[PDB]
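K.L.:
Protein chains in written order, with our numbering: chain A, 15 to 126; chain B, 18 to 147; chain C, -5 to 155; chain D, 47 to 154. What follows is a single structure, and I will ask about it in a moment.
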Amino acid sequence: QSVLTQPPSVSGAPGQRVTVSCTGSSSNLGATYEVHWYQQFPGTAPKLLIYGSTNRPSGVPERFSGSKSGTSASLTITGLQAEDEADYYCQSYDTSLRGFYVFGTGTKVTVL
Amino acid sequence: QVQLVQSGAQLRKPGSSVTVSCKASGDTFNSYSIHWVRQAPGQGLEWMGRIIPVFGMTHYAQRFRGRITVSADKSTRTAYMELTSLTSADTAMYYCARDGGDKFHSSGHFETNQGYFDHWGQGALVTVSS
Amino acid sequence: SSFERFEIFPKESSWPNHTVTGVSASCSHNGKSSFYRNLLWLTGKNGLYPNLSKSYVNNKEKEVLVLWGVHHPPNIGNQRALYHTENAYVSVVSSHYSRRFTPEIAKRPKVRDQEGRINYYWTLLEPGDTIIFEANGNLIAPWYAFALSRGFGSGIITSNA
Amino acid sequence: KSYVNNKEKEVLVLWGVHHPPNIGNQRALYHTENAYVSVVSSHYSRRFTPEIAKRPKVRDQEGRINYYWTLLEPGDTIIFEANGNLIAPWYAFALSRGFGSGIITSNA
Ligand SMILES: *[C@@H]1O[C@H](CO)[C@@H](O[C@@H]2O[C@H](CO)[C@@H](O)[C@H](O)[C@H]2NC(C)=O)[C@H](O)[C@H]1NC(C)=O
Ligand SMILES: *[C@@H]1O[C@H](CO)[C@@H](O)[C@H](O)[C@H]1NC(C)=O
C-alpha cells in the first residue's frame, strides 16, 4: 500500500522551485503505469493535482507539473506560494498481490 | 463539479462492524468505479477496495480481504462499504472516491488499470473504542 | 518438434506513447481481469493514439510465428474512447505477406460477456525477412513470438487417456 | 432486426446485397451513396459494401444481387443492420439432417 517512497519533507523559500520525488518498483510504474498526484490540506479530502504523470486538472495552477522516467516519478512546484503548504501524495497501480492501487508515503511541502 | 456524499461520523466498539455509505449526487450513477480510501489520523492514504456498480464487480486490498465487503444499489445511486471485526487501529477517516480514468461501457468489461480520483466525498470519520 | 518463445516487442520499451496495460474480465485469471500472455492491447494515452510503426527482423535463423489481432468494437463511443478516431486501420506487411485490416463496428450477440470481437491473425516470417506493423488504432500487438523448429512423425490427437 | 433461433434446429438464413449499375439508381432506391450491410451472429461476422459498376447485361440487368447464407445454431441470434442495399430474408429453413441422401443429375 504505502510503497511509493516519497521524502517526508521538501522545502524552500516562497518563489523557489522545489521537487517531490516518488520512487516505485517494477509492479508500480515499472509495469508501465502512470503517476498521479494529490494535494491535501488539513481538514479536507485530497484533491487531484496531476494525472497521467504530466497533465493538470482544470483549475490547477501552472506551478504544478510532473514527470516520470524509469521507475521513478516526481512533482515539480515552481514558484512556491504560501497557499502551497500541503501534504502531497503520489499514486499508481501495483500488479502484485492480485493487483492493488498504491499511494506513496506522503511529503510535507514547506514554504520558508 | 460532481459531489460524492458520505455519511457522518460514527462510534463503534471493538468486534462490531461499521457501514459507511457514499451517494452519487450530480454524478449520473453510471458505468464508473467507486473506491474506498482510508486515512488514520496523522497517516497517509491507504486503498481498501473498489466497486463497479454496472457489472457488480469488486476488488479488495489484501489487508482487508475477509473483513471488507463492498456493494452498491443503483436504485438509490448508493455505494456501501462494510468493515467487520473492528479494532482501535481502524480509527480513520473513510473516504469514497470516483475515478475518471475508467469510463466503462454498458456492454463488456475493459480496464487499463490506471486511474485517479477525480472526485472525493467529504470523509466519514469512524472511531473505534470501548 | 520444438520452439523458442521470445519477446518480439518488449512491453516496457516498445510503446512509450500508448497504454499497454489493458485487461478484460473475459480473460480473467484467479479472479482478476487479464489478457493474453502473448499479445498486448494497445489503447491511447493522454487523449491521443499516435501512429504506430514497428518492425522486426528475423535474425533467429528459424521461421518465426507472429500472432496479432484486430479489435472490432460494439459501437462508436468505444471506438473513440479507446483509439480517439473513427477511421482506424491496421496494416501488416513482410516481403511476401501483405494485408490491411479495417475495424468493423457492430452490435453482436454477447459471447463471454462481450459485444465486440478481436480477430486473430498470423504469419510465418522467413529467416532474414522483416515484418512491419503500421496502425492508427485497433491493434492488438504481438508481444511474444515463436522461433520454430520442425521435425517428423508428430501430429495432434484428441484423448482423455 | 434480429432473430433468435428458438426452433431447436439449425436455421438456414438467406439474404442478399444489391449492387446497382450506377449512382442515379443507388440514390433513387436507397437515398444514400454510402450504404452498408452488416450481418452478425455469435460466430458469423460479415460486412458488405455495395459496388457500383457498369456490367454486361444478364437477363436484362446491369446491376447484380449477391446471395449469402449462414446456418444459425439453436439458441443463437442473427442480427441484420443496414442503411441501404439489403435484400432481406423473408423465409428461413429449420433443417433436420439424415443419412444416405445426395444429389443426382438425371432425366429419368
Ligand atoms: C477456462 O476454463 C474454465 C472452465 O474450466 C472457464 O470457467 C467457466 O466460465 C464460464 C463463463 O461463461 C462460467 O459460466 C462457468 O461457470 C465457469 N466454469 C467453472 C467451472 O468455473 C473459464 O472462464 C475459462 N477461461 C479463460 C480465461 O479463457
Ligand atoms: C513519443 O512521443 C514523443 C513526443 O512526446 C516523440 O518525440 C517520440 O518520437 C514518440 N515515440 C516513439 C516510440 O517513437
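Built from N, CA and C at the ideal position, the CB exists for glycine as well.
So what does DSSP say about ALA74/D, is it helix, strand or coil?
P.N.:
The answer is helix: DSSP assigns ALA74/D an H, G or I state.
K.L.:
At 9 angstroms on the CB atoms, spell out the chain D contacts of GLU55/C, in chain order.
P.N.:
What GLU55/C touches in chain D: nothing, since even the nearest Cβ is about 38 angstroms away.
K.L.:
Taking only the alpha-carbon atoms, compute the straight-line gap between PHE95/C and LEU62/A and give it to the nearest angstrom.
P.N.:
Spanning the two alpha carbons is a distance of roughly 40 angstroms.
K.L.:
Check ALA109/B in the structure and name its three-state DSSP category.
P.N.:
Reduced to three states, the DSSP call for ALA109/B is strand.
K.L.:
When DSSP builds the beta bridges, which residues end up paired with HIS66/C?
P.N.:
In DSSP, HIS66/C forms a bridge with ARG111/C.
K.L.:
Alpha helix (DSSP H) containing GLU120/C: first to last residue?
P.N.:
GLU120/C -> no alpha helix (DSSP H), and no H or E assigned at all.
K.L.:
Which one of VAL58/C, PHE146/C and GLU120/C has the shortest CA to CA distance from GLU1/C?
P.N.:
The shortest Cα separation from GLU1/C among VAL58/C, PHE146/C and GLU120/C belongs to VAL58/C.
K.L.:
Could you pull the start and end residues of the alpha helix (DSSP H) that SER8/C belongs to?
P.N.:
Per DSSP, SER8/C belongs to the alpha helix (DSSP H) from 5 to 8.
K.L.:
Using a threshold of 8 angstroms, state whether the C-beta atoms of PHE134/B and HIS76/B are closer than that.
P.N.:
No. Outside cutoff.
K.L.:
Along chain B, in chain order, which residues have C-beta atoms closer than 8 angstroms to that of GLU48/A?
P.N.:
What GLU48/A touches in chain B: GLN131.
K.L.:
Compile a chain-ordered list of the residues in the region 75 to 107 of chain C whose CB is closer than 7 angstroms to at least one CB of chain D.
P.N.:
Answer in chain order: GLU98, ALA100, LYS101, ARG102, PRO103 and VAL105.
K.L.:
Cβ-heavy atom distance between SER124/B and ligand 1 below 7 angstroms?
P.N.:
False, no ligand heavy atom lies under 7 angstroms from that Cβ.
K.L.:
Answer yes or no: does any C-beta atom of chain B fall closer than 8 angstroms to that of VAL64/C?
P.N.:
Closer than 8 angstroms: no.
K.L.:
Closer than 8 angstroms is the cut-off here; do at least three beta carbon pairs connect the region 45 to 60 of chain A with the region 24 to 39 of chain B?
P.N.:
The region 45 to 60 of chain A, when compared against the region 24 to 39 of chain B, does not touch it at the 8 angstroms Cβ threshold.
K.L.:
Please classify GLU63/B as buried or exposed, where buried requires at least 16 neighbouring CB atoms within 10 angstroms.
P.N.:
Label assigned to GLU63/B: buried.
K.L.:
With respect to 7 angstroms, is the separation between the Cβ of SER22/C and the closest non-hydrogen atom of ligand 1 below this value?
P.N.:
Yes, since a heavy atom of ligand 1 falls inside the 7 angstroms radius drawn around the Cβ of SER22/C.
K.L.:
Anything in the region 62 to 96 of chain A with a Cβ closer than 7 angstroms to a Cβ of chain C? List those residues in chain order, please.
P.N.:
Cβ contacts with chain C: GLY66 and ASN69.
K.L.:
Report yes or no: do three or more beta-carbon pairs, one from the region 72 to 80 of chain D and one from the region 133 to 151 of chain D, lie closer than 8 angstroms?
P.N.:
Flag = no, the region 72 to 80 of chain D and the region 133 to 151 of chain D do not touch.
K.L.:
Of the residues that make up the region 114 to 136 of chain D, which ones have a beta carbon closer than 8 angstroms to any beta carbon in chain C?
P.N.:
The region 114 to 136 of chain D vs chain C, Cβ under 8 angstroms: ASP122, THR123, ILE125 and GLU127.
K.L.:
May I ask you to verify whether the region 22 to 29 of chain B touches the region 30 to 45 of chain A, counting CB pairs closer than 8 angstroms and requiring at least 3?
P.N.:
At 8 angstroms Cβ cutoff, the stretches do not touch.
K.L.:
Run the CB neighbour count on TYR113/D, radius 10 Å, all protein chains shown included, and call it buried at 16 or more, exposed below.
P.N.:
Exposed: under 16 other Cβ atoms inside 10 Å.
K.L.:
Along chain C, in chain order, which residues have C-beta atoms closer than 7 angstroms to that of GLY113/A?
P.N.:
Per Cβ cutoff of 7 angstroms: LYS26.
K.L.:
Does the beta carbon of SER50/B come closer than 8 angstroms to any beta carbon on chain C?
P.N.:
Judged by the 8 angstroms Cβ criterion, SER50/B is not in contact with chain C.
K.L.:
Could you tell me the alpha carbon to alpha carbon distance between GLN72/D and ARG105/D, rounded to whole angstroms?
P.N.:
In a straight line, the C-alpha of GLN72/D is about 20 angstroms away from that of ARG105/D.
K.L.:
In chain order, what residues place their C-beta within less than 6 angstroms of a heavy atom belonging to ligand 3?
P.N.:
This structure lacks ligand 3; the ligands present are ligand 1 and ligand 2.
K.L.:
Nearest by alpha-carbon distance to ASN69/C: which of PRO136/C, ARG102/C and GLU55/C is it?
P.N.:
Closest by alpha carbon: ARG102/C.
K.L.:
Between the alpha carbons of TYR97/B and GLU128/B, how many angstroms are there, rounded?
P.N.:
Rounded to whole angstroms, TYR97/B to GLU128/B spans 22 angstroms at the Cα level.
K.L.:
Closest by CA to residue 132/A, which one among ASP98/A, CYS36/A, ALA59/A and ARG77/A?
P.N.:
Outside the modelled stretch of chain A, which goes from 15 to 126, sits residue 132/A, for which no answer is possible.
K.L.:
Considering only heavy atoms of ligand 1, does any lie closer than 7 angstroms to the CB of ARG31/C?
P.N.:
No.
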